[PDB]
RNA sequence: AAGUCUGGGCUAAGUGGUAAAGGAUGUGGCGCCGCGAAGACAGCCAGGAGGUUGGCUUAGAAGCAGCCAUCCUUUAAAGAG
Ligand SMILES: [Mg+2]
Ligand SMILES: [Mg+2]
Ligand SMILES: [Mg+2]
Ligand SMILES: [Mg+2]
Ligand SMILES: [Mg+2]
Ligand SMILES: [Mg+2]
Ligand SMILES: [Mg+2]
Ligand SMILES: [Mg+2]
Ligand SMILES: [Mg+2]
Ligand SMILES: [Mg+2]
Ligand SMILES: [Mg+2]
Ligand SMILES: [Mg+2]
Ligand SMILES: [Mg+2]
Ligand SMILES: [Mg+2]
Ligand SMILES: [Mg+2]
Ligand SMILES: [Mg+2]
Ligand SMILES: [Mg+2]
Ligand SMILES: [Zn+2]
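Residue numbers (UniProt numbering), protein chains in the order written: chain A, 1 to 37; chain B, 4 to 133; chain C, 624 to 689; chain D, 1 to 186; chain E, 2 to 175; chain F, 75 to 140; chain G, 1 to 141.
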């Protein structure tokens, strides 16, 4: 997981979800997985 | 709205230029089958008279606005209008039924056909060349 | 061979197998003996002989000069 | 190519108040009259983005009149980049000084080389008759290379329309582009 | 564009009974009770169950689709039933029933024994296929998930417990 | 487009086609390539198998006279 | 980078950043602009950082207009000295910028190419910005 | 000490009750366009093509090392991708 202040879609299979008060970016490519923080 | 208005154009025209236009289900056909029914139905059908391949909604509005028999075959499902009267056929539908009733599974199909100016029934238009 | 600044030259089947030819700097060859064997599950080999001399790119040659 | 726009009269109504109500304060004038007016901001904007200070605008007033106008000047809110006032020039039979669009027909030989056509003048000032107001003024730019230029003298001009600026003025040019190869020394 | 207003086809003969906050789905394979928002109204037609929103704001549109599928999964639950298959891949790895219990052999020094909760049944046809079967779609889903976690699919080899249909994606290992 | 190699002047096209032309053909030598490679295409015309030569006329850069 | 070839006076007082721009508020060269939403002293390094960013995005193409210039000298006392003993030394140059100013404009490049380049350049700048497209309102000025 | 006062609206963070660049399918109100029963958006069932291994390259680059070029054709449709 990348943890950062600016989470972003990185490829077109990336998806911005929002679970339990936090903005995540989930994707089929594990490297693209992001949490905001 | 849209080029669907320029779609009633070519469809009306090329249809109101017939009376014996059949309707097939140009579906499954692969890459070779995509030039099979195409060029061979110009080997028994003059001009570009194999299929016109058009929106089922659009052909319904044509045979309805040009009053041409209102071809109530069953214009649901994949359709493409087998031009027998942009051609020189009627029993050269044998050419379509041939590769159709041979190549792959179900090959080319049928489900409706204007009969000269009338209504060619079910297997009727599918045996009026067999 | 690319990750050693090596420039490729050929591929042919020999004993089949499959033989390659290349231009490669002597410098980036040390223990290529052992890398190849890892890259090919120990099923590959090489022969290697001298050719010529040419330019070292600007951003490497100068480190030697101290 | 001729646009119409509703326009009402105002007296002592605060521009601030009007501006809030979605309305654009303004005035119409010529040699002969001067009236404090206002138009709807949203409607005016839709009109003005094609009309500009080029194509005519006619103001249907609450009394019946329908005066044909040009936009003379528009005052912007510098902070917010939004319009806060319009001057409408009521046209008459007289010749009028105005800005005529330029179409830059052709693709410059300079552009083909990585170059960039800088349209130094996108319109041109002109003496013309309200009846003889053109729409285009076409300019061939295809024959231009890096770095060549045109000078309004090089303009054609339909009959009945007189170049209202000094012919020594420059209109369009082709210059070199931004290049990262230049960054080498930059 | 709407999961909730879609009508729930109730096969014969399973019986949907309605209550405050609950619906009771009884069927050939068992019975299940589905918690339902009191704001939502479940209503029973003929061979069809429907669900209506009291409004068109977020919270209700959200509860809507959920509720119909919650009931529909219970309906399908007691009629056809639910099942997932697990595909054991890997040389040493193989499974078997031991009573009602499932014994996993997956490369650990100890063999692993999973025991089925109420309403869940394990089947071992081939020793490399295991079928978790029950009427609760979510409980079947969970048990399946638990089992698979014992030895998740490797990222370098076709080794571990797999969902049926689960694609085998692999990176090179040097 | 094997046949537009021995009726142009080059064996290898024109390095960077489109701006520099190093050989060309008329509106009928476009047809003799059409005459051979005719069952080779999906068409059955002559000014259709000449538009598929006047469209391969800028891969190598060998333009057309017309 | 940027700085006046020569000045009439070497150091100048600080002043204030009151109000919107005096001018420079409309687009007057390119197709798109980048406009300041807040007041600031923009340093020469900040401008050239923004500039270089845009050329690097275009790489062989487009034209970049710079509509602000750092003519204001920036003074700073030698590190770790006490207060007094005169005004500090000039250490760089800045451009004074109030809301509404157009700082940069691009021309002769696609909409997309202009947008990303202006967006990128804006990140090099110490203030907020909005990108703008040359419209009719601008040409009438 | 004096209203658990009245009416309209928003907020679900205990924000209110300590901060910026910047990031975000949070929520609600606007606005201007686009597609849409001549059937749109989502999922799904077809096809998704030949000249052409596109010129030449590397020993292979054959729609996507890679440069420049980049048309037409059989078409409902299909970018020298
Ligand atoms: Mg980042
Ligand atoms: Mg993206
Ligand atoms: Mg996903
Ligand atoms: Mg504006
Ligand atoms: Mg506005
Ligand atoms: Mg062991
Ligand atoms: Mg699953
Ligand atoms: Mg001071
Ligand atoms: Mg500073
Ligand atoms: Mg910034
Ligand atoms: Mg001025
Ligand atoms: Mg109360
Ligand atoms: Mg918090
Ligand atoms: Mg608090
Ligand atoms: Mg807090
Ligand atoms: Mg918001
Ligand atoms: Mg669809
Ligand atoms: Zn991704």
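For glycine and all other residues, C-beta sits at the position ideal for the given N, C-alpha and C.
Query, Result
"Just to confirm, are residue 43 of chain E and residue 52 of chain E a CB contact at a threshold of 8 Å?", "yes"
"For ligand 4, which residues have a Cβ under 7 Å from at least one heavy atom, in chain order?", "D/81, D/82, G/135, G/137"
"Look at the alpha carbon of residue 33 of chain G and the alpha carbon of residue 65 of chain G, and state the distance between them as a whole number of angstroms.", "9 Å"
"Just to make sure I have the definition right: I need the residues of chain G whose C-beta is within less than 8 Å of the C-beta of residue 39 of chain D. Which are they?", "Those do not exist, as residue 39 of chain D stays about 15 Å from chain G at its closest Cβ, beyond 8 Å."
"Considering only their Cβ atoms, is the gap separating residue 132 of chain E from residue 80 of chain E smaller than 8 Å?", "no"
"Could you check whether the segment 625–643 of chain C touches the segment 90–107 of chain B, counting it as contact only if at least three pairs of C-beta atoms, one from each stretch, sit closer than 8 Å?", "no"
"Is the Cβ of residue 58 of chain G closer than 8 Å to any Cβ of chain D?", "yes"
"Can we count residue 124 of chain G as close to ligand 1, meaning its CB is less than 7 Å from some heavy atom?", "no"
"Does residue 142 of chain D have its Cβ less than 8 Å from a Cβ in chain G?", "no"
"Exposed or buried, which one is residue 29 of chain G when buried takes at least 16 other CB atoms within 10 Å?", "buried"
"Quick check: the Cα distance between residue 630 of chain C and residue 110 of chain F, rounded to an integer number of angstroms?", "42 Å"
"Taking CB distances under 8 Å as the criterion, tell me whether residue 149 of chain G reaches chain D.", "The question about residue 149 of chain G has no answer here: the residues shown for chain G are numbered 1 through 141."
"Between residue 64 of chain G and chain D, is the shortest Cβ-Cβ distance under 8 Å, so that the two count as touching?", "yes"
"Which residues does DSSP list as the beta-bridge partners of residue 6 of chain D?", "D/60"
"Residue 140 of chain D to residue 63 of chain G, Cα distance in whole Å?", "22 Å"
"For ligand 8, which residues have a Cβ under 7 Å from at least one heavy atom, in chain order?", "G/13, G/14"
"If we count Cβ pairs, one from each stretch, closer than 8 Å, do we get three or more for the segment 154–164 of chain E versus the segment 112–123 of chain F?", "no"
"Per DSSP, what kind of secondary structure is residue 104 of chain D in: helix, strand or coil?", "coil"
"Is it right to say residue 141 of chain B is buried, meaning 16 or more other beta carbons lie within 10 angstroms of its own, or is it exposed?", "Outside the displayed span of chain B (4 to 133) sits residue 141 of chain B, for which this structure offers no information."
"Which term fits residue 129 of chain B, buried or exposed, when burial requires 16 or more other beta carbons within 10 angstroms of its beta carbon?", "buried"
"Is there contact between the segment 7–22 of chain G and the segment 76–86 of chain G, where contact requires at least three CB pairs shorter than 8 Å?", "no"
"Can you list the residues of chain G that residue 114 of chain D reaches, using a CB-CB cut of under 8 Å?", "60, 61"
"Can you tell which of D/77, D/110, D/124, D/129 has its C-alpha closest to the C-alpha of residue 154 of chain D?", "D/124"
"Between residue 46 of chain D and chain G, is there a C-beta pair that is closer than 8 Å?", "no"
"Is the beta carbon of residue 91 of chain D closer than 8 Å to that of residue 47 of chain D?", "no"
"Along the chain, where does the beta strand (DSSP E) that runs through residue 32 of chain G open and close?", "32–36"
"Spatial neighbours of residue 90 of chain B within its chain, please: CB distance less than 6 Å, with the 5 preceding and 5 following residues excluded, ordered by chain position.", "48, 49, 52"
"Is residue 45 of chain D near ligand 5, in the sense that its beta carbon is under 7 Å from a heavy atom of that ligand?", "yes"
"Which of the three DSSP states, helix, strand or coil, is assigned to residue 69 of chain E?", "helix"
"Can you list, in chain order, the residues of the segment 85–110 of chain G whose Cβ is nearer than 7 Å to any Cβ on chain D?", "99, 100, 107, 108"
"Going along chain D, which residues have a C-beta under 8 Å from residue 140 of chain G?", "52, 53, 71, 73, 74"
"Have a look at residue 7 of chain A and residue 19 of chain A and give me their C-alpha separation to the nearest angstrom.", "14 Å"
"Hey, could you find the ends of the beta strand (DSSP E) residue 34 of chain D is sitting in?", "34–40"
"Secondary structure at residue 97 of chain D, three-state DSSP: helix, strand or coil?", "strand"
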